[PDB]
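Participant: Provide a 3D model corresponding to the input given below.
(4 chains)
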Amino acid sequence: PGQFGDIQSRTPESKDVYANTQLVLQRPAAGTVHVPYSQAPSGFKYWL
Amino acid sequence: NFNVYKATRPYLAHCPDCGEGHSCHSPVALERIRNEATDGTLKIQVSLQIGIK
Amino acid sequence: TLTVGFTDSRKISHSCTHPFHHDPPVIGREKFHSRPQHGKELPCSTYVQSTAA
Amino acid sequence: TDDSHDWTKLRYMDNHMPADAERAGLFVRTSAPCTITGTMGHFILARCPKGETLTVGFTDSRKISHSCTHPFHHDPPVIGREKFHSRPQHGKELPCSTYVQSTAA
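Facilitator: Numbers count the residues shown, from 1 in each chain, chains lettered A, B, ... in the order given. Find the structure here:
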């Protein structure tokens, strides 16, 4: 996560996808139905 | 397309800030912001439906 | 930040503000704020105005 | 100018006489247009974007724009240990001070 290669596939068209974003579901704010989460930013954007 | 939105409707959604520093349920809200393009163009997904009356 | 809104049928303004970091990547080896009358052309990505599937 | 109460109107001095004007023409600006949260008499409450100047103005009964600009350093204090530009949908809640819309005075 946060590094180049966080999401990978063998070919652009492939349905076989590896990902490691450390996505964690968090408790919603009281009175709301929104779904909060903690996730690393794309390693691709950082690399660029 | 105009042949797609015929069976759909606009919806209300919660916003973290409705301009007064307070949250509310708005007729307009941002579902997603996308910036894949490198020319600086932004794509914004909203609860509003534009081009359909 | 990014803010989007519209005017209601009752002439009431509605908008929502969300946090968003907007700072487009540099194309080429120079940092410019607008496209020049004279210059070179490099590869970049854009969104097409077409509404086709 | 008739001493009645009308939330849609403001009155201003014009030479030797008071005159009416639309409240809709009232604006507050710094580095960018400010949001007005409420008004009464000589006091205006507004939330302004960060900037080094502050100005106020309105359109009069003759459709002439009037304004006044003063220097003013506007840079709100940081609440908590993070510097943010907008209110989040989810987060922690900390003590702060505000102005109440109440006119009890």
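Participant: who's in contact with the residue most central in space within chain A?
Facilitator: In chain A, the C-alpha nearest the mean C-alpha coordinate belongs to residue A:21, at 3.9 Å (CA atoms, centre = their mean). Residues near residue A:21 by CB atoms under 8 Å, 6 or more residues apart in numbering or on different chains: A:1, A:6, A:7, A:39, A:40. The way it works is simple: take the backbone N, C-alpha and C, and place the C-beta from them, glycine included.
Participant: please indicate which of the residues you listed are buried?
Facilitator: By neighbour count, with 16 or more other CB atoms under 10 Å in any protein chain shown, the contacts of residue A:21 hold residue A:6 as buried.
Participant: make CSV from the contacts of residue A:21 and add secondary structure and distance to chain D to it.
Facilitator: CSV is the format used below for those (DSSP: H, G, I helix; E, B strand; the rest coil; distance: CB to the nearest CB, whole Å):
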residue, secondary structure, distance to chain D
A:1, coil, 21
A:6, coil, 24
A:7, strand, 25
A:39, coil, 14
A:40, coil, 18
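Participant: can you report how many residues lie near residue B:50?
Facilitator: Counted by other CB atoms under 10 Å in any protein chain shown, the residues lying close to residue B:50 total 7.
Participant: return the distance of it relative to chain D.
Facilitator: According to CB to the nearest CB, to the nearest Å, residue B:50 stands 24 Å off from chain D.
Participant: next one: that residue from residue C:51, what distance?
Facilitator: Separation of residue B:50 from residue C:51 (CB to CB, to the nearest Å): 11 Å.
Participant: phi, psi of the residue nearest to the centre of chain A?
Facilitator: Main-chain dihedrals, residue A:21, degrees, to the nearest 10: phi -110, psi 0.
Participant: name the SS class of residue C:4, please.
Facilitator: Look at residue C:4: counting by DSSP: H, G, I helix; E, B strand; the rest coil, its state is strand.
Participant: give me every residue that touches it.
Facilitator: So residue C:4 contacts B:28, B:30, B:44, B:46, C:15, C:16 (CB under 8 Å, 6+ apart).
Participant: so in terms of bridging, what pairs with it?
Facilitator: Beta-bridge pairing of residue C:4 under DSSP bridges involves residue C:16.
Participant: for it, give its distance to residue A:27.
Facilitator: Taking CB to CB, one finds residue C:4 at 28 Å from residue A:27.
Participant: again, but for residue A:36
Facilitator: Distance of residue A:36 to residue A:27, given as CB to CB: 7 Å.
Participant: what does residue A:10 give?
Facilitator: Taken as CB to CB, the spacing of residue A:10 relative to residue A:27 amounts to 37 Å.
Participant: ok, residue C:20 next?
Facilitator: Counting by CB to CB, the gap from residue C:20 to residue A:27 is 24 Å.
Participant: what about residue B:30, neighbour count?
Facilitator: Neighbour count for residue B:30, taken as other CB under 10 Å: 20.
Participant: how close does it sit to residue C:15?
Facilitator: Distance from residue B:30 to residue C:15, counting by CB to CB: 10 Å.
Participant: residue C:20 and residue A:27 - which one has more neighbours?
Facilitator: Regarding residue C:20 and residue A:27, a neighbour count based on other CB under 10 Å identifies residue C:20 as having more, with 15 against 8.
Participant: on the three-state scheme, residue A:45 is what?
Facilitator: helix.
Participant: what's the distance between it and chain D?
Facilitator: Residue A:45 sits at a distance of 20 Å from chain D (criterion: CB to the nearest CB).
Participant: okay, now that residue: neighbour count?
Facilitator: By other CB under 10 Å, the residues close to residue A:45 number 10.
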